[PDB]
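Beneath this line is the structure, given in structure tokens, with notes to follow.
Chains as they are written, first to last, in UniProt numbering: chain A, 5 to 112; chain B, 5 to 112.
Now the structure itself:
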């Protein structure tokens with residue numbers, strides 16, 4: 005029970021934690037499917053290497069779908085899986101909470 | 005905007021992150037006010053030193069209220085602040101998400 009709450013809430017933190025995953029997921033959930041360069045533009049502080057590593061981890065974690073489309077020209081699209089989509093209410097609530105908290109700590 | 009979503013969602017992660025804060029907050033929000041020894045019993049894997057450090061950080065972060073009551077015998081009670089209470093829906097949703105995710109990764 006207590007271990008079940010803790011193992012499970014901590015798993016969630018591990019999946020979305022870090023400096024850029026929440027922002028990647030936010031753009032995919034709010035705006036939809038994106039190519040790599042589109043995400044790279046939306047997140048100007050991120051490097052190619054870091055964005056590739058974060059997307060790879062999100063894909064291996066079954067949060068992001070990466071699909072290759074052999075059309076003319078070929079393209080690779082990134083999107084949320086159903087598991088990713090159900091993180092979106094959590095990210096929304098974290099943003100709303102942190103918006104209010106930041107004002108608290110900033111203005112003091 | 006993008007920096008505002010990111011700064012703010014990341015602040016939230018910093019406040020609740022780690023191995024024991026979510027569990028401390030969960031017990032305080034679900035069960036109410038607790039003394040230190042009560043929390044120590046509810047979280048048997050935690051050490052005195054670690055529980056003192058986590059509660060101190062939660063208090064300094066204005067998530068947990070620590071009140072000394074000079075009654076007979078004196079007592080020190082820990083509870084959530086209003087800012088802590090508004091984390092509870094987020095923790096609830098993280099637990100529900102991670103419960104489903106753990107089943108996904110366990111059963112495979």
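C-beta atoms are modelled at their ideal positions from N, C-alpha and C, and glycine is treated no differently.
Cβ shell of residue i (< 8 Å), same chain only, five flanking positions each side left out
i	result
residue 101 of chain A	none
residue 36 of chain A	83
residue 59 of chain A	28, 40, 43, 68, 70, 82
residue 51 of chain B	none
C-beta atoms of residue i and residue j nearer than 8 Å
i	j	result
residue 85 of chain A	residue 67 of chain A	yes
residue 62 of chain B	residue 43 of chain B	no
residue 97 of chain A	residue 94 of chain B	yes
residue 32 of chain A	residue 83 of chain A	yes
residue 39 of chain A	residue 107 of chain A	no
residue 99 of chain A	residue 9 of chain B	yes
Where the beta strand (DSSP E) containing residue i begins and where it ends
i	result
residue 68 of chain B	68-73
Own chain, CB closer than 6 Å to residue i, minus 5 neighbours either side, in chain order
i	result
residue 48 of chain B	none
residue 20 of chain A	26
residue 92 of chain A	33
Unbroken alpha helix (DSSP H) run spanning residue i, endpoints
i	result
residue 19 of chain A	6-20
residue 56 of chain B	52-64
residue 25 of chain A	25-35
residue 94 of chain B	86-111
Own chain residues within Cβ distance below 7 Å of residue i, not counting five before or after
i	result
residue 87 of chain A	66, 67
residue 73 of chain A	79, 81
residue 89 of chain B	33
residue 30 of chain B	95
Looking at C-beta atoms only, is the number of pairs between the segment 8-17 of chain B and the segment 8-28 of chain A that lie closer than 8 Å three or more?
yes
Mind checking the segment 77-99 of chain A against chain B and listing, in chain order, the residues whose C-beta falls within less than 7 Å of any C-beta there?
87, 90, 91, 93, 94, 95, 97, 98, 99
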